[PDB]
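Visitor: Input structure: work.pdb, which contains PDB, N, CA and C atoms.
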```pdb
ATOM      1  N   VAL A  56      10.914  13.286 -30.592
ATOM      2  CA  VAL A  56       9.701  13.200 -29.776
ATOM      3  C   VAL A  56       9.285  11.781 -29.432
ATOM      4  N   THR A  57       9.444  10.808 -30.328
ATOM      5  CA  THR A  57       9.034   9.417 -30.071
ATOM      6  C   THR A  57      10.121   8.416 -30.387
ATOM      7  N   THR A  58      10.277   7.407 -29.537
ATOM      8  CA  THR A  58      11.305   6.389 -29.715
ATOM      9  C   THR A  58      11.010   5.402 -30.839
ATOM     10  N   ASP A  59      12.079   5.061 -31.538
ATOM     11  CA  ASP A  59      12.169   4.164 -32.678
ATOM     12  C   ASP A  59      12.584   2.762 -32.241
ATOM     13  N   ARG A  60      12.468   2.457 -30.942
ATOM     14  CA  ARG A  60      12.674   1.136 -30.338
ATOM     15  C   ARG A  60      11.365   0.445 -30.008
ATOM     16  N   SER A  61      11.416  -0.876 -29.909
ATOM     17  CA  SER A  61      10.332  -1.641 -29.303
ATOM     18  C   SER A  61      10.172  -1.191 -27.871
ATOM     19  N   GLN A  62       8.963  -0.834 -27.469
ATOM     20  CA  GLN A  62       8.673  -0.428 -26.094
ATOM     21  C   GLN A  62       7.167  -0.301 -25.849
ATOM     22  N   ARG A  63       6.684  -0.855 -24.730
ATOM     23  CA  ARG A  63       5.283  -0.829 -24.272
ATOM     24  C   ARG A  63       4.734   0.547 -23.964
ATOM     25  N   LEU A  64       3.430   0.710 -24.157
ATOM     26  CA  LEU A  64       2.716   1.877 -23.682
ATOM     27  C   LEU A  64       2.154   1.592 -22.293
ATOM     28  N   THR A  65       1.513   0.442 -22.081
ATOM     29  CA  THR A  65       0.895   0.074 -20.795
ATOM     30  C   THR A  65       1.485  -1.189 -20.174
ATOM     31  N   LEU A  66       1.952  -1.128 -18.932
ATOM     32  CA  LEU A  66       2.473  -2.262 -18.169
ATOM     33  C   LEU A  66       1.521  -2.650 -17.042
ATOM     34  N   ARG A  67       1.299  -3.948 -16.834
ATOM     35  CA  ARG A  67       0.443  -4.502 -15.778
ATOM     36  C   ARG A  67       1.294  -5.277 -14.784
ATOM     37  N   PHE A  68       1.271  -4.929 -13.502
ATOM     38  CA  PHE A  68       2.047  -5.632 -12.488
ATOM     39  C   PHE A  68       1.171  -6.438 -11.534
ATOM     40  N   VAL A  69       1.399  -7.748 -11.434
ATOM     41  CA  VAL A  69       0.709  -8.580 -10.445
ATOM     42  C   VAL A  69       1.436  -8.418  -9.105
ATOM     43  N   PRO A  70       0.790  -8.598  -7.947
ATOM     44  CA  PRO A  70       1.463  -8.446  -6.673
ATOM     45  C   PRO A  70       2.619  -9.421  -6.469
ATOM     46  N   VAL A  71       3.729  -8.962  -5.900
ATOM     47  CA  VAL A  71       4.834  -9.851  -5.516
ATOM     48  C   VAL A  71       4.517 -10.514  -4.186
ATOM     49  N   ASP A  72       3.613  -9.909  -3.424
ATOM     50  CA  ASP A  72       3.156 -10.358  -2.126
ATOM     51  C   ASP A  72       1.760  -9.793  -1.854
ATOM     52  N   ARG A  73       0.943 -10.455  -1.044
ATOM     53  CA  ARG A  73      -0.389  -9.990  -0.655
ATOM     54  C   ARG A  73      -0.784 -10.479   0.730
ATOM     55  N   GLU A  74      -1.675  -9.770   1.429
ATOM     56  CA  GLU A  74      -2.166 -10.104   2.784
ATOM     57  C   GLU A  74      -3.672  -9.835   2.940
ATOM     58  N   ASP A  75      -4.515 -10.760   2.505
ATOM     59  CA  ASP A  75      -5.964 -10.696   2.699
ATOM     60  C   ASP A  75      -6.293 -10.961   4.180
ATOM     61  N   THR A  76      -7.110 -10.123   4.826
ATOM     62  CA  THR A  76      -7.408 -10.146   6.280
ATOM     63  C   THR A  76      -8.882  -9.906   6.603
ATOM     64  N   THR A  77      -9.237  -9.957   7.889
ATOM     65  CA  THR A  77     -10.614  -9.895   8.386
ATOM     66  C   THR A  77     -11.428  -8.773   7.778
ATOM     67  N   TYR A  78     -10.793  -7.614   7.586
ATOM     68  CA  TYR A  78     -11.410  -6.361   7.144
ATOM     69  C   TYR A  78     -10.567  -5.556   6.145
ATOM     70  N   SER A  79      -9.387  -6.027   5.736
ATOM     71  CA  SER A  79      -8.561  -5.346   4.738
ATOM     72  C   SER A  79      -7.832  -6.314   3.818
ATOM     73  N   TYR A  80      -7.371  -5.821   2.682
ATOM     74  CA  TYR A  80      -6.566  -6.505   1.702
ATOM     75  C   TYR A  80      -5.331  -5.646   1.488
ATOM     76  N   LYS A  81      -4.145  -6.217   1.451
ATOM     77  CA  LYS A  81      -2.905  -5.474   1.220
ATOM     78  C   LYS A  81      -2.118  -6.151   0.117
ATOM     79  N   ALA A  82      -1.462  -5.382  -0.734
ATOM     80  CA  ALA A  82      -0.721  -5.912  -1.857
ATOM     81  C   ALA A  82       0.551  -5.112  -2.086
ATOM     82  N   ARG A  83       1.627  -5.773  -2.520
ATOM     83  CA  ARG A  83       2.914  -5.148  -2.850
ATOM     84  C   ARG A  83       3.239  -5.358  -4.312
ATOM     85  N   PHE A  84       3.695  -4.328  -4.995
ATOM     86  CA  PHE A  84       4.106  -4.357  -6.388
ATOM     87  C   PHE A  84       5.540  -3.894  -6.533
ATOM     88  N   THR A  85       6.295  -4.469  -7.463
ATOM     89  CA  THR A  85       7.623  -3.942  -7.787
ATOM     90  C   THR A  85       7.407  -3.033  -8.983
ATOM     91  N   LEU A  86       7.175  -1.746  -8.753
ATOM     92  CA  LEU A  86       6.939  -0.759  -9.794
ATOM     93  C   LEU A  86       8.258  -0.444 -10.494
ATOM     94  N   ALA A  87       8.627  -1.275 -11.461
ATOM     95  CA  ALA A  87       9.851  -1.131 -12.222
ATOM     96  C   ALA A  87       9.757  -0.111 -13.354
ATOM     97  N   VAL A  88      10.219   1.118 -13.146
ATOM     98  CA  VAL A  88      10.307   2.099 -14.235
ATOM     99  C   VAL A  88      11.566   1.698 -14.985
ATOM    100  N   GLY A  89      11.430   1.083 -16.158
ATOM    101  CA  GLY A  89      12.580   0.636 -16.946
ATOM    102  C   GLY A  89      13.461   1.796 -17.383
ATOM    103  N   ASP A  90      14.606   1.537 -17.996
ATOM    104  CA  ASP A  90      15.539   2.603 -18.380
ATOM    105  C   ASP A  90      15.053   3.472 -19.546
ATOM    106  N   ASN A  91      15.642   4.651 -19.731
ATOM    107  CA  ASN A  91      15.326   5.641 -20.776
ATOM    108  C   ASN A  91      13.825   5.975 -20.900
ATOM    109  N   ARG A  92      13.105   5.937 -19.779
ATOM    110  CA  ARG A  92      11.672   6.215 -19.638
ATOM    111  C   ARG A  92      11.440   7.169 -18.487
ATOM    112  N   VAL A  93      10.247   7.731 -18.409
ATOM    113  CA  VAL A  93       9.737   8.409 -17.226
ATOM    114  C   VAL A  93       8.267   8.044 -17.083
ATOM    115  N   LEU A  94       7.786   7.897 -15.855
ATOM    116  CA  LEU A  94       6.400   7.559 -15.561
ATOM    117  C   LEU A  94       5.730   8.726 -14.862
ATOM    118  N   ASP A  95       4.619   9.241 -15.360
ATOM    119  CA  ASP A  95       3.783  10.112 -14.556
ATOM    120  C   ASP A  95       2.820   9.256 -13.736
ATOM    121  N   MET A  96       2.913   9.326 -12.409
ATOM    122  CA  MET A  96       2.085   8.577 -11.473
ATOM    123  C   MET A  96       0.600   8.849 -11.644
ATOM    124  N   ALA A  97       0.199   9.929 -12.311
ATOM    125  CA  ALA A  97      -1.202  10.191 -12.607
ATOM    126  C   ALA A  97      -1.758   9.111 -13.545
ATOM    127  N   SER A  98      -0.892   8.374 -14.247
ATOM    128  CA  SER A  98      -1.269   7.254 -15.115
ATOM    129  C   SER A  98      -1.177   5.914 -14.412
ATOM    130  N   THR A  99      -1.356   5.862 -13.098
ATOM    131  CA  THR A  99      -1.305   4.612 -12.347
ATOM    132  C   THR A  99      -2.559   4.455 -11.533
ATOM    133  N   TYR A 100      -3.066   3.238 -11.493
ATOM    134  CA  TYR A 100      -4.286   2.904 -10.791
ATOM    135  C   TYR A 100      -4.311   1.413 -10.504
ATOM    136  N   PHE A 101      -5.133   1.015  -9.547
ATOM    137  CA  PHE A 101      -5.259  -0.372  -9.143
ATOM    138  C   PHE A 101      -6.486  -0.959  -9.813
ATOM    139  N   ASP A 102      -6.280  -1.993 -10.602
ATOM    140  CA  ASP A 102      -7.313  -2.683 -11.348
ATOM    141  C   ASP A 102      -7.827  -3.815 -10.465
ATOM    142  N   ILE A 103      -8.821  -3.538  -9.624
ATOM    143  CA  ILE A 103      -9.379  -4.508  -8.681
ATOM    144  C   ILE A 103     -10.496  -5.324  -9.310
ATOM    145  N   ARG A 104     -10.485  -6.638  -9.101
ATOM    146  CA  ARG A 104     -11.562  -7.543  -9.511
ATOM    147  C   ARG A 104     -11.986  -8.329  -8.297
ATOM    148  N   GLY A 105     -13.271  -8.573  -8.158
ATOM    149  CA  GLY A 105     -13.811  -9.281  -7.015
ATOM    150  C   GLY A 105     -15.294  -9.543  -7.188
TER     151      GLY A 105
ATOM    152  N   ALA B  68      -6.463   7.113  61.225
ATOM    153  CA  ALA B  68      -5.315   7.834  61.797
ATOM    154  C   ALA B  68      -4.016   7.035  61.955
ATOM    155  N   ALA B  69      -4.105   5.754  62.318
ATOM    156  CA  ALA B  69      -3.003   4.838  62.629
ATOM    157  C   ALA B  69      -3.350   3.355  62.296
ATOM    158  N   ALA B  70      -2.420   2.443  62.580
ATOM    159  CA  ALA B  70      -2.452   0.990  62.332
ATOM    160  C   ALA B  70      -2.359   0.535  60.863
ATOM    161  N   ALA B  71      -3.334   0.876  60.018
ATOM    162  CA  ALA B  71      -3.343   0.512  58.594
ATOM    163  C   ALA B  71      -2.523   1.475  57.732
ATOM    164  N   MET B  72      -2.331   2.714  58.186
ATOM    165  CA  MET B  72      -1.665   3.782  57.432
ATOM    166  C   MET B  72      -0.146   3.585  57.257
ATOM    167  N   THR B  73       0.431   2.456  57.668
ATOM    168  CA  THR B  73       1.885   2.208  57.600
ATOM    169  C   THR B  73       2.341   1.747  56.213
ATOM    170  N   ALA B  74       1.500   0.980  55.513
ATOM    171  CA  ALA B  74       1.614   0.627  54.105
ATOM    172  C   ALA B  74       1.158   1.808  53.227
ATOM    173  N   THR B  75       0.261   1.573  52.269
ATOM    174  CA  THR B  75      -0.485   2.573  51.464
ATOM    175  C   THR B  75      -1.933   2.077  51.320
ATOM    176  N   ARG B  76      -2.898   2.868  50.818
ATOM    177  CA  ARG B  76      -4.036   2.246  50.101
ATOM    178  C   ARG B  76      -3.452   1.309  49.067
ATOM    179  N   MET B  82     -14.017   3.506  31.734
ATOM    180  CA  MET B  82     -13.558   3.623  30.351
ATOM    181  C   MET B  82     -14.640   3.198  29.340
ATOM    182  N   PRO B  83     -14.689   3.847  28.164
ATOM    183  CA  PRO B  83     -15.310   3.345  26.925
ATOM    184  C   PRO B  83     -14.456   2.315  26.107
ATOM    185  N   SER B  84     -14.041   2.639  24.876
ATOM    186  CA  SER B  84     -13.744   1.675  23.804
ATOM    187  C   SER B  84     -12.278   1.640  23.330
ATOM    188  N   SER B  85     -11.609   0.507  23.553
ATOM    189  CA  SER B  85     -10.254   0.197  23.059
ATOM    190  C   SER B  85     -10.213  -0.526  21.703
ATOM    191  N   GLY B  86     -11.315  -1.105  21.211
ATOM    192  CA  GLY B  86     -11.505  -1.376  19.776
ATOM    193  C   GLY B  86     -10.382  -2.190  19.120
ATOM    194  N   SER B  87     -10.123  -3.382  19.657
ATOM    195  CA  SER B  87      -9.350  -4.467  19.026
ATOM    196  C   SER B  87      -9.988  -4.890  17.691
ATOM    197  N   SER B  88      -9.391  -5.835  16.977
ATOM    198  CA  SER B  88      -9.995  -6.392  15.755
ATOM    199  C   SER B  88      -9.708  -7.893  15.487
ATOM    200  N   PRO B  89      -8.502  -8.470  15.723
ATOM    201  CA  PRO B  89      -8.226  -9.845  15.263
ATOM    202  C   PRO B  89      -8.923 -11.018  16.004
ATOM    203  N   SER B  90      -9.352 -10.911  17.269
ATOM    204  CA  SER B  90     -10.229 -11.896  17.979
ATOM    205  C   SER B  90      -9.745 -13.370  18.036
ATOM    206  N   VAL B  91     -10.634 -14.373  18.196
ATOM    207  CA  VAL B  91     -10.273 -15.815  18.345
ATOM    208  C   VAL B  91     -10.490 -16.735  17.093
ATOM    209  N   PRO B  92     -10.200 -16.325  15.836
ATOM    210  CA  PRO B  92     -10.272 -17.184  14.657
ATOM    211  C   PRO B  92      -8.910 -17.796  14.288
ATOM    212  N   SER B  93      -8.910 -18.638  13.259
ATOM    213  CA  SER B  93      -7.755 -19.369  12.727
ATOM    214  C   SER B  93      -6.753 -18.506  11.959
ATOM    215  N   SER B  94      -5.600 -19.088  11.617
ATOM    216  CA  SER B  94      -4.622 -18.500  10.691
ATOM    217  C   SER B  94      -5.072 -18.548   9.217
ATOM    218  N   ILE B  95      -4.395 -17.814   8.324
ATOM    219  CA  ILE B  95      -4.727 -17.666   6.892
ATOM    220  C   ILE B  95      -3.470 -17.836   6.011
ATOM    221  N   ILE B  96      -3.633 -18.309   4.768
ATOM    222  CA  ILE B  96      -2.562 -18.527   3.763
ATOM    223  C   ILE B  96      -2.963 -18.044   2.355
ATOM    224  N   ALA B  97      -2.028 -17.944   1.395
ATOM    225  CA  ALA B  97      -2.314 -17.539  -0.003
ATOM    226  C   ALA B  97      -1.473 -18.266  -1.082
ATOM    227  N   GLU B  98      -1.858 -18.113  -2.355
ATOM    228  CA  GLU B  98      -1.226 -18.675  -3.569
ATOM    229  C   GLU B  98      -1.581 -17.830  -4.825
ATOM    230  N   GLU B  99      -0.852 -17.950  -5.944
ATOM    231  CA  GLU B  99      -0.928 -17.021  -7.111
ATOM    232  C   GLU B  99      -1.219 -17.683  -8.495
ATOM    233  N   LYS B 100      -1.777 -18.894  -8.523
ATOM    234  CA  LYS B 100      -2.057 -19.671  -9.747
ATOM    235  C   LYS B 100      -3.458 -19.422 -10.339
ATOM    236  N   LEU B 101      -3.901 -18.168 -10.393
ATOM    237  CA  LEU B 101      -5.345 -17.870 -10.418
ATOM    238  C   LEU B 101      -6.057 -17.776 -11.794
ATOM    239  N   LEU B 102      -7.377 -18.046 -11.760
ATOM    240  CA  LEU B 102      -8.463 -17.528 -12.632
ATOM    241  C   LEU B 102      -8.520 -18.007 -14.103
ATOM    242  N   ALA B 103      -8.715 -19.318 -14.315
ATOM    243  CA  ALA B 103      -9.266 -19.792 -15.597
ATOM    244  C   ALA B 103     -10.770 -19.446 -15.749
ATOM    245  N   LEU B 104     -11.472 -19.276 -14.622
ATOM    246  CA  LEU B 104     -12.919 -19.480 -14.454
ATOM    247  C   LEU B 104     -13.832 -18.618 -15.316
ATOM    248  N   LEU B 105     -13.338 -17.460 -15.725
ATOM    249  CA  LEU B 105     -14.071 -16.548 -16.573
ATOM    250  C   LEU B 105     -14.329 -17.151 -17.953
ATOM    251  N   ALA B 106     -13.520 -18.105 -18.415
ATOM    252  CA  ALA B 106     -13.751 -18.783 -19.681
ATOM    253  C   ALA B 106     -14.978 -19.713 -19.653
ATOM    254  N   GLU B 107     -15.191 -20.526 -18.615
ATOM    255  CA  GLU B 107     -16.339 -21.426 -18.547
ATOM    256  C   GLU B 107     -17.667 -20.692 -18.568
ATOM    257  N   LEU B 108     -17.772 -19.534 -17.926
ATOM    258  CA  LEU B 108     -18.989 -18.736 -17.997
ATOM    259  C   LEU B 108     -19.395 -18.476 -19.457
ATOM    260  N   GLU B 109     -18.421 -18.305 -20.351
ATOM    261  CA  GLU B 109     -18.657 -18.262 -21.786
ATOM    262  C   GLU B 109     -18.793 -19.672 -22.400
ATOM    263  N   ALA B 110     -18.012 -20.692 -22.005
ATOM    264  CA  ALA B 110     -18.198 -22.075 -22.472
ATOM    265  C   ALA B 110     -19.639 -22.556 -22.304
ATOM    266  N   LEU B 111     -20.150 -22.403 -21.092
ATOM    267  CA  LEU B 111     -21.453 -22.802 -20.625
ATOM    268  C   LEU B 111     -22.541 -22.124 -21.447
ATOM    269  N   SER B 112     -22.500 -20.799 -21.556
ATOM    270  CA  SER B 112     -23.491 -20.044 -22.318
ATOM    271  C   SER B 112     -23.327 -20.179 -23.839
ATOM    272  N   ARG B 113     -22.145 -20.527 -24.363
ATOM    273  CA  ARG B 113     -21.967 -20.942 -25.765
ATOM    274  C   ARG B 113     -22.615 -22.286 -26.038
ATOM    275  N   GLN B 114     -22.265 -23.304 -25.269
ATOM    276  CA  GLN B 114     -22.785 -24.651 -25.477
ATOM    277  C   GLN B 114     -24.291 -24.710 -25.241
ATOM    278  N   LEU B 115     -24.810 -23.923 -24.298
ATOM    279  CA  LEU B 115     -26.245 -23.738 -24.109
ATOM    280  C   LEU B 115     -26.920 -23.280 -25.401
ATOM    281  N   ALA B 116     -26.350 -22.310 -26.115
ATOM    282  CA  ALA B 116     -26.893 -21.921 -27.404
ATOM    283  C   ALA B 116     -26.838 -23.084 -28.383
ATOM    284  N   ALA B 117     -25.714 -23.790 -28.463
ATOM    285  CA  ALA B 117     -25.569 -24.912 -29.385
ATOM    286  C   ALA B 117     -26.615 -26.022 -29.142
ATOM    287  N   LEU B 118     -27.090 -26.231 -27.907
ATOM    288  CA  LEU B 118     -28.252 -27.095 -27.648
ATOM    289  C   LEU B 118     -29.455 -26.615 -28.449
ATOM    290  N   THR B 119     -29.853 -25.361 -28.243
ATOM    291  CA  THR B 119     -31.065 -24.812 -28.852
ATOM    292  C   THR B 119     -30.932 -24.771 -30.360
ATOM    293  N   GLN B 120     -29.717 -24.538 -30.844
ATOM    294  CA  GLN B 120     -29.411 -24.476 -32.257
ATOM    295  C   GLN B 120     -29.732 -25.797 -32.936
ATOM    296  N   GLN B 121     -29.483 -26.923 -32.279
ATOM    297  CA  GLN B 121     -29.762 -28.227 -32.857
ATOM    298  C   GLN B 121     -31.133 -28.770 -32.495
ATOM    299  N   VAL B 122     -31.773 -28.289 -31.433
ATOM    300  CA  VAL B 122     -33.226 -28.462 -31.334
ATOM    301  C   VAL B 122     -33.873 -27.847 -32.565
ATOM    302  N   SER B 123     -33.436 -26.655 -32.978
ATOM    303  CA  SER B 123     -33.978 -26.029 -34.181
ATOM    304  C   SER B 123     -33.744 -26.898 -35.414
ATOM    305  N   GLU B 124     -32.595 -27.556 -35.513
ATOM    306  CA  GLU B 124     -32.266 -28.447 -36.621
ATOM    307  C   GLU B 124     -33.080 -29.738 -36.650
ATOM    308  N   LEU B 125     -33.679 -30.169 -35.536
ATOM    309  CA  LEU B 125     -34.764 -31.144 -35.616
ATOM    310  C   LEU B 125     -35.958 -30.498 -36.330
ATOM    311  N   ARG B 126     -36.479 -29.410 -35.767
ATOM    312  CA  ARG B 126     -37.710 -28.774 -36.231
ATOM    313  C   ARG B 126     -37.641 -28.367 -37.701
ATOM    314  N   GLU B 127     -36.549 -27.740 -38.121
ATOM    315  CA  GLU B 127     -36.321 -27.321 -39.506
ATOM    316  C   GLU B 127     -36.128 -28.478 -40.490
ATOM    317  N   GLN B 128     -35.917 -29.714 -40.029
ATOM    318  CA  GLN B 128     -35.961 -30.904 -40.885
ATOM    319  C   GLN B 128     -37.313 -31.625 -40.804
ATOM    320  N   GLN B 129     -37.968 -31.657 -39.642
ATOM    321  CA  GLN B 129     -39.333 -32.181 -39.509
ATOM    322  C   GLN B 129     -40.362 -31.382 -40.312
ATOM    323  N   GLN B 130     -40.187 -30.066 -40.425
ATOM    324  CA  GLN B 130     -41.074 -29.182 -41.190
ATOM    325  C   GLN B 130     -40.997 -29.386 -42.715
ATOM    326  N   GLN B 131     -40.053 -30.182 -43.224
ATOM    327  CA  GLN B 131     -39.878 -30.424 -44.661
ATOM    328  C   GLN B 131     -40.883 -31.451 -45.209
TER     329      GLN B 131
END
```
Using the file provided, produce a representation of the structure as structure tokens.
Guide:
Amino acid sequence: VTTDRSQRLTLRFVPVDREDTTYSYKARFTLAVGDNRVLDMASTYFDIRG
Amino acid sequence: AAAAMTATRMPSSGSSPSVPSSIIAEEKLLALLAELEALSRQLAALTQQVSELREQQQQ
């Protein structure tokens, strides 16, 4: 049921690219699902600060 | 009937970018949240040593 290896529970990705504009902000992430894992997208969200 | 007849005889389109300058970016961000605590820590340390005058003058 649970892995006996070193491995993270929560990963934080900073944008690889961004485009702040007159009325919108756009950001790109490299969502790297590492090997021998699966990600449920329901556990993903954008942590915005401003 | 003749002479000239030889030839022939909106609302909102909502643009956005207009006449402003170009824009650029960088990723070396955000020490700044620490000073908000530096400032309010050192502010306490002022009052703390004003008290240390008073608590020695009262002796």
Visitor: Counting only C-alpha atoms, what are the residues of chain B within 12 Å of region 59-74 of chain A, and for each of them which pair of atoms is the nearest and at what distance in Å, to one decimal? Sort the table by chain and rising number, as a tab-separated table.
Guide:
```
residue	atom	partner	partner_atom	distance
B:94	CA	A:74	CA	11.8
B:95	CA	A:74	CA	9.0
B:96	CA	A:74	CA	8.5
B:97	CA	A:73	CA	7.8
B:98	CA	A:73	CA	9.2
B:99	CA	A:70	CA	8.9
B:100	CA	A:69	CA	11.5
B:101	CA	A:69	CA	11.1
```
Visitor: Could you work out how far CA of residue 76 (chain A) lies from CA of residue 91 (chain B), giving the answer in Å with one decimal?
Guide: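 Separating CA of residue 91 (chain B) from CA of residue 76 (chain A) is a distance of 13.6 Å.
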Visitor: Just the number, please: distance in Å from atom N of residue 91 (chain A) to atom N of residue 56 (chain A), one decimal.
Guide: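 Distance between the two atoms: 14.7 Å.
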Visitor: Just how far from CA of residue 82 (chain A) is CA of residue 93 (chain B), in Å to one decimal?
Guide: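 Result for CA of residue 93 (chain B) versus CA of residue 82 (chain A): 21.1 Å, one decimal.
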Visitor: Of the candidates A:103, A:77, A:83, A:92, which one gets nearest to chain B if we count only C-alpha atoms?
Guide: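 So, comparing all the options, the nearest one is A:77.
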Visitor: So, with only N, CA and C atoms as the atoms that count, which of A:90, A:84, A:78, A:97 lies closest to chain B?
Guide: A:78
Visitor: Which of these, A:57, A:96, A:105, A:85, has the shortest distance to chain B once you count only C-alpha atoms?
Guide: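 Once distances to chain B are computed over only C-alpha atoms, the minimum belongs to A:105.
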Visitor: Could you give me the residues within chain B that DSSP places in alpha helix (DSSP H), as a VMD selection string?
Guide: chain B and resid 105 to 129
Visitor: What would the file be for region 82-95 of chain A if you keep N, CA, C and O atoms and write it as a PDB file, in the first residue's frame?
Guide:
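Result went into part03.pdb, see below:
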```
ATOM      1  N   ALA A  82       0.450  31.900 -17.192  1.00  0.00           N
ATOM      2  CA  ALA A  82       1.596  31.202 -16.651  1.00  0.00           C
ATOM      3  C   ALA A  82       1.669  29.786 -17.199  1.00  0.00           C
ATOM      4  O   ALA A  82       0.627  29.191 -17.460  1.00  0.00           O
ATOM      5  N   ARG A  83       2.881  29.268 -17.411  1.00  0.00           N
ATOM      6  CA  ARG A  83       3.134  27.899 -17.876  1.00  0.00           C
ATOM      7  C   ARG A  83       3.912  27.126 -16.835  1.00  0.00           C
ATOM      8  O   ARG A  83       4.910  27.622 -16.335  1.00  0.00           O
ATOM      9  N   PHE A  84       3.523  25.898 -16.561  1.00  0.00           N
ATOM     10  CA  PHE A  84       4.180  24.995 -15.632  1.00  0.00           C
ATOM     11  C   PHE A  84       4.581  23.711 -16.326  1.00  0.00           C
ATOM     12  O   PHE A  84       3.884  23.269 -17.237  1.00  0.00           O
ATOM     13  N   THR A  85       5.711  23.121 -15.952  1.00  0.00           N
ATOM     14  CA  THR A  85       6.062  21.786 -16.442  1.00  0.00           C
ATOM     15  C   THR A  85       5.584  20.830 -15.364  1.00  0.00           C
ATOM     16  O   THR A  85       6.305  20.581 -14.405  1.00  0.00           O
ATOM     17  N   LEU A  86       4.360  20.328 -15.476  1.00  0.00           N
ATOM     18  CA  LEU A  86       3.761  19.412 -14.517  1.00  0.00           C
ATOM     19  C   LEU A  86       4.392  18.032 -14.682  1.00  0.00           C
ATOM     20  O   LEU A  86       3.933  17.205 -15.462  1.00  0.00           O
ATOM     21  N   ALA A  87       5.543  17.831 -14.053  1.00  0.00           N
ATOM     22  CA  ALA A  87       6.281  16.586 -14.106  1.00  0.00           C
ATOM     23  C   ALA A  87       5.757  15.515 -13.153  1.00  0.00           C
ATOM     24  O   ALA A  87       6.066  15.535 -11.969  1.00  0.00           O
ATOM     25  N   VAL A  88       4.940  14.581 -13.630  1.00  0.00           N
ATOM     26  CA  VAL A  88       4.525  13.434 -12.813  1.00  0.00           C
ATOM     27  C   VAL A  88       5.717  12.494 -12.875  1.00  0.00           C
ATOM     28  O   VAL A  88       5.959  11.889 -13.921  1.00  0.00           O
ATOM     29  N   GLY A  89       6.499  12.400 -11.801  1.00  0.00           N
ATOM     30  CA  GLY A  89       7.684  11.541 -11.768  1.00  0.00           C
ATOM     31  C   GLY A  89       7.333  10.071 -11.941  1.00  0.00           C
ATOM     32  O   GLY A  89       6.166   9.712 -11.912  1.00  0.00           O
ATOM     33  N   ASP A  90       8.311   9.187 -12.058  1.00  0.00           N
ATOM     34  CA  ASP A  90       8.044   7.763 -12.299  1.00  0.00           C
ATOM     35  C   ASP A  90       7.451   7.023 -11.095  1.00  0.00           C
ATOM     36  O   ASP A  90       7.518   7.502  -9.973  1.00  0.00           O
ATOM     37  N   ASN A  91       6.858   5.851 -11.314  1.00  0.00           N
ATOM     38  CA  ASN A  91       6.218   4.985 -10.309  1.00  0.00           C
ATOM     39  C   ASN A  91       5.221   5.716  -9.384  1.00  0.00           C
ATOM     40  O   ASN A  91       5.056   5.363  -8.219  1.00  0.00           O
ATOM     41  N   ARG A  92       4.545   6.734  -9.914  1.00  0.00           N
ATOM     42  CA  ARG A  92       3.548   7.576  -9.244  1.00  0.00           C
ATOM     43  C   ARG A  92       2.312   7.702 -10.108  1.00  0.00           C
ATOM     44  O   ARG A  92       2.367   7.453 -11.300  1.00  0.00           O
ATOM     45  N   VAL A  93       1.228   8.189  -9.531  1.00  0.00           N
ATOM     46  CA  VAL A  93       0.063   8.676 -10.256  1.00  0.00           C
ATOM     47  C   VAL A  93      -0.436   9.924  -9.543  1.00  0.00           C
ATOM     48  O   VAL A  93      -0.348  10.016  -8.320  1.00  0.00           O
ATOM     49  N   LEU A  94      -0.935  10.900 -10.290  1.00  0.00           N
ATOM     50  CA  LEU A  94      -1.459  12.148  -9.751  1.00  0.00           C
ATOM     51  C   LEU A  94      -2.952  12.224 -10.004  1.00  0.00           C
ATOM     52  O   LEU A  94      -3.363  12.179 -11.148  1.00  0.00           O
ATOM     53  N   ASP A  95      -3.782  12.417  -8.993  1.00  0.00           N
ATOM     54  CA  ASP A  95      -5.153  12.826  -9.228  1.00  0.00           C
ATOM     55  C   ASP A  95      -5.203  14.348  -9.341  1.00  0.00           C
ATOM     56  O   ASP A  95      -4.889  15.049  -8.378  1.00  0.00           O
TER      57      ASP A  95
END
```
